[PDB]
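Think of it as A, B, C, D, E, F, G, H, I, J and K in the order they're written, each chain with its own count starting at 1.
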Amino acid sequence: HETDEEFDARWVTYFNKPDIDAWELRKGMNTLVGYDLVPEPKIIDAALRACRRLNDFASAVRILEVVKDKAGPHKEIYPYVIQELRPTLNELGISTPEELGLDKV
Amino acid sequence: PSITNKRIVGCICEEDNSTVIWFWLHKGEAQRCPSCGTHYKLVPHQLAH
Amino acid sequence: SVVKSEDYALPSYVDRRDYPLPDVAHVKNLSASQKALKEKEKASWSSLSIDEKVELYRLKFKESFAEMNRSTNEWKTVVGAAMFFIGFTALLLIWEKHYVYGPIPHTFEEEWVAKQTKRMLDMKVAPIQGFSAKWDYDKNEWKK
Amino acid sequence: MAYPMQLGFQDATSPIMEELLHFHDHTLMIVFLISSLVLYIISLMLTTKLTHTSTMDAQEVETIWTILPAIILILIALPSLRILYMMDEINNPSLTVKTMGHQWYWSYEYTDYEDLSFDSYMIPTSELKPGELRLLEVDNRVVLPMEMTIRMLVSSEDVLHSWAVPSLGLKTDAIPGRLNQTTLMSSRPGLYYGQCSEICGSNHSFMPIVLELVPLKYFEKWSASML
Amino acid sequence: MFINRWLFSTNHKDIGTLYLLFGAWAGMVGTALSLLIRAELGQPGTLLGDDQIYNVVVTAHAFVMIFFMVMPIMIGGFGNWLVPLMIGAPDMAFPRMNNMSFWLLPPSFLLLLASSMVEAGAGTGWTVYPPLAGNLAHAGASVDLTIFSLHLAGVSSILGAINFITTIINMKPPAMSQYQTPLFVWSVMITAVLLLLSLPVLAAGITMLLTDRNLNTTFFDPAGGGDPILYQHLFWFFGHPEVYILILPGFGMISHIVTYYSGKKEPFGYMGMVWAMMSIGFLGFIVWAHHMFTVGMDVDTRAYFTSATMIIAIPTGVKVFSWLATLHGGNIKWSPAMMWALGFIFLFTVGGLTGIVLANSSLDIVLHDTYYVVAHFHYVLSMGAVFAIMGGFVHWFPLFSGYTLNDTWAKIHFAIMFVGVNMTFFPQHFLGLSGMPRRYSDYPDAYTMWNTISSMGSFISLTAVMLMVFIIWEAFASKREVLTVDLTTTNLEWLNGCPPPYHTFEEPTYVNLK
Amino acid sequence: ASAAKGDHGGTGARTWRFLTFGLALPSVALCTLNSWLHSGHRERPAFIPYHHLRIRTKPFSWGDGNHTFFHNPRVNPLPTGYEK
Amino acid sequence: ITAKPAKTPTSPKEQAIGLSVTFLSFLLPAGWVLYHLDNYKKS
Amino acid sequence: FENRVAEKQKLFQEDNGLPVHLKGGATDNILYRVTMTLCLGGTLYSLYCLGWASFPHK
Amino acid sequence: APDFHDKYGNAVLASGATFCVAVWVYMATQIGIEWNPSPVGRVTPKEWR
Amino acid sequence: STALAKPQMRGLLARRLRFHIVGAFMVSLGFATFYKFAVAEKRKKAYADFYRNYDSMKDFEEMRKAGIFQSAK
Amino acid sequence: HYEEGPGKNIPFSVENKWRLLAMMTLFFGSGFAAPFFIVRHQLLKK
């Protein structure tokens, strides 16, 4: 296969394509969640910014939700990810699912 | 090619894949295979003159 | 919002943990205020209110992950009902014993069984482990 | 015979039946191990929110789950075959007894020296003496000498039947026009029961086999007296 | 229009529907017979009569469950419905001959019911061994009606096999190789090949029994130089392949169900699954004499059959572990169909393992013709084959009808059936080890407890069968029409909607060769 | 016969490779298992100077003219019996 | 799978009726035969 | 003999909506009715025979 | 909004379990069923000869 | 106002499988050890113990005196 | 040609759930009852 850093770089590059379209955005996220891993924050950052370029706020939030979901019972993952993503969330004005009340059943 | 405005496409993404990806291709803008992204475009009607 | 039968050939919406971004938006038709919200969405999201962000989410998706992954009380109904039907089965067995089955052979009478048991012990049935092995031939009783 | 609430095999009366008990314990352990392992793995796969839905490679884990079962099969086959050949060993009997299956009873023939033969019928439930077993007792038992290698020849004069004595590890089909051989050797005196083991019609459930194992001296006097 | 559509059909979906209806009705008959069996054994003594009436019931139970319920449902029902849809074919290769395969079943069933009506019935065991099945021990028309019933069912399956093999080989999209077809399609073709090769041998054998009974031949009569054991060889040469024929389509449906409810786009190790089914199909033709370990065969022959029989565990093991590997990492959907599939995996494994115990000719001396065999085969048939059928039924019912079942009721049905079958058959292992013979209408007193518990379990299963009928009624009564189905990209049979139109794939799918 | 497998939709390289590794080689592995199991040196039979065996009408063109080409001392007796 | 609401809803009362009728269709005929078993055995 | 296949091709391709088993003409209808009558009648007769054979004639 | 299970779940489980246990215990001990348990520890062997 | 440590984020399902497969193996060994003691060995010792000083004639005598035989009174 | 769609691709009608209940009851009931009546037939011959 390839090293962890080559995998991550391939993904960051994917989401950073300036003219990435909506289809490519969905394809990327839908494909990425099939792997045995929770995406590194650098990947998520690139995906969130692709959402900004596509004027898609809802997808940005959904991406945050899937990050949490992929962690399964490892509750320490999501809060770390959100911590690493804070500058970006603030810059782009992205509210976490918790801040929107979408974490309550 | 199609004689109507939609046709089922089966995409064998990579040579030797045992899994075929199936989807309806509609008249209009080209659509992409849900799995590998290759493009397909429907070109409707005729056959029988 | 409203799905139709003959739309089976068209891309559809689904709420799945492993397919976070569905093929279509939950709501495709927009009202005047909704169209305006989609416009406001093109500007800084910091200017969007919590309520507006929730509405944008709700236009794109039907249920949040928390909502779609909720557990239910269905197991109570399943287990309770299964037990009720298993209980009902015993009623059928009661009916059977009463109206269908006649008396069992005389060899099950208490006295016959006591005698048959001594005879089995006399012929030393299963003396290594199974039966006679459980009888104390010296103290003349079942081994404690 | 079987006793109320019995779980496993009737206690072994012959050395071969003892051999089968140990072989069954060996195999059953493997059956328990594999079935519980499968049950466990099912529960393991179903108890996590973690996912991996992309393509998984198979040519690596298939080696393990091909080689292991192959090894386990060999660990079962070895003792299985050892016992199989042991049952076929040349032993040279001291006595030969024949049994003919009939539509609903067994007949026996001890024709080595004298021409002794008799029918063996199930004792009707209405005629059982106190303490006797329902469906299992016969009027004339197969008296045989204990601690001796006996050759049993089995055939039938009508339909198929099958001569069986679980405690001794025996079951030989009774086929008309054919003479099947098996060897019997009881390590102890006593009464040993069996039942017809091939569907033969109306009273297939009611044509039991009862062996009476006694010392050679009693077997001989019984033989004479039975002429 | 009604007659044209339902009596003169040349449509694979309608014909599959006829098969599912026939098989459901047969299942009711087979269930009633199984209750009669367990009622007779429910307490010591005689309930119905002697072994004749009892064994007429046991024999019919087997024929009905095997030939009229399992085969018609799996091959004729699921096979006809799904195979053409899964390869994008417009119908079967021989759509008219396909209809005759179906219509031969009702007559076949009528002959079976006739045999039990005339004389004293055929109380021979489903194996129909002579001389008991001969014209002296079973004089009269009964056994002959049974033979003719088998002939018709045989022709039905042989023509069905020719149709399936031709359809699967010849009617896939030009770009699709055999290694690009779904596992269910593979399971059906392999099953068809086994049917094609094994049934003619059975036909040969039962025709010889028919002539011995009516034309004074003596193939199995020692008086004319015949041999009863010859019949056993001819029967079991068909008989073992037959049990693999009963489970193969089940294996196919299990692969689809496990894959689907694990949220996977494909089963783990596809080529290993194809390899396993083909190996099983092959090995299934060279192990038949393990049904004859007590007839008096040479020790070397017995050593061979013991060894050859065990080898099947290897490819079967690859399938079991591949199903578990398909569950691995899945987003598990706890639907009723998945429950049936999970129960299948475990219970079939148990039954398969007791089969490996029986493979040992040494041990089989003591286990043969006892309830240990009955326990083994009911685990693989009444739990394996039946669970695969129930799983497939609940999974595809919305496709076939266009309506959904009530999932809660279906989960209740599974729970009841699970308890029922296990309570019925598990205790039978004890009865077998301790020596209780097969085909007995009554047993020695020591066997009472386990037989009592086993009969109670059979009543629990009856309750599940009755509930199932109600569940199907509720679905059709409420009319909840299907909207959307997930994973259509890897389940082509659902792509034309629920139910698909009478004519599907009039315009074939487009598949690039690249 | 038709075997008990299936394919036939197009017999190609992939199919023959599948047969090589999935049927052929496994068969060879089994027969190799069976053979290197039932081996073991069998007790050589008593020597009997039968006239129809150990034929010598002309000496062999090698060795001492009395030993066969692949002579095995352990199992091949000379016309006069086994060797020392 | 998603589906539309029932076109002709079957209420709890209606289900009790269908379940009862279904169970009776199986139990009554067999029960009748089994009950008259002795009358059959010797007649 | 002369080749009249073209005549037969015209007859069987004639757009009259008739299924192939009746497309030859009135004789097809007669043959069909005879076949089906013997089949259904014979089946009723076999049912009668089964009813007869089901009971002992001591 | 509360479904069938939220409203009736606890009741169905409770009275289903209760009914099942009650009727099975009754069938097993009050209707004359012969279970034929082991004599071991329960039967006092009596002279038969 | 403390930061959080980067936890393990890759191969969590695989890691879990490995751990439990190893545990399943250990439990299989413990069960094998248990079975080949509570069942296998127990059986061998029961038979060996029974036959060690077994007297078949004494056993027969007892059965005869109990009157179970047809051929020996 | 033929009717298509839910409730139309079957040989029985589902237009009325009660008439349907009656049909299913006769269908499945006749199957389950048959063996009992055949047993009865065999007992009443001899």
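By our rule, a residue touches a chain if its C-beta (ideal position, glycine included) is under 8 Å from a C-beta of that chain, and two chains touch if they have at least 3 such contacts.
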item	value
Pair of chains joined by the greatest number of C-beta pairs in contact	D-E
Geometric centre: closest chain by C-alpha means	E
Between chain E and chain A, distance of the C-alpha-averaged centres to the nearest whole Å	49
Gap in Å, rounded to a whole number, between the CA centres of chain C and chain A	35
Geometric centre distance via CA averages, chain C-chain B, whole Å	40
Rounded Å distance, chain A centre to chain H centre (Cα mean)	70
Sites on chain A at which at least two other chains make contact	33-34, 36, 69, 72
Junction residues of chain J, two or more chains touched	12-14, 17, 43, 47, 59, 63, 66-68
Junction residues of chain C, two or more chains touched	3, 5, 9, 17-18, 74, 77, 79, 81-82, 86, 88, 92-93, 96, 100, 102, 104-105, 107-108, 115-116, 118-120, 123-124, 127-129, 131, 133
In the complex, chain A residues that touch chain C	25-26, 29-30, 33-34, 52, 55-59, 61-63, 65-66, 68-69, 92-95, 97, 99-105
Chain K - residues contacting chain H, complex	41, 45-46
Chain D-touching residues of chain E, taken from the complex the two chains share	44, 50-52, 55, 123-125, 129, 131-132, 134, 137, 222-223, 227-229, 263-266, 268-269, 271-272, 294-296, 299, 302-303, 306-307, 310-311, 313-314, 317-318, 320-322, 324-325, 327-332, 342, 345-346, 349-350, 353-354, 356-357, 360-363, 365-366, 368-370, 430, 433-450
Touching residues (chain side chain J, partner chain D) in the complex	12-14, 16-17, 20, 24, 28, 31-32, 35-36, 39-40, 43-44, 47, 51, 54, 56-57, 59-60, 63, 68-72
Interface residues, chain F side, partner chain E - complex	1-10, 14, 18, 22-23, 30
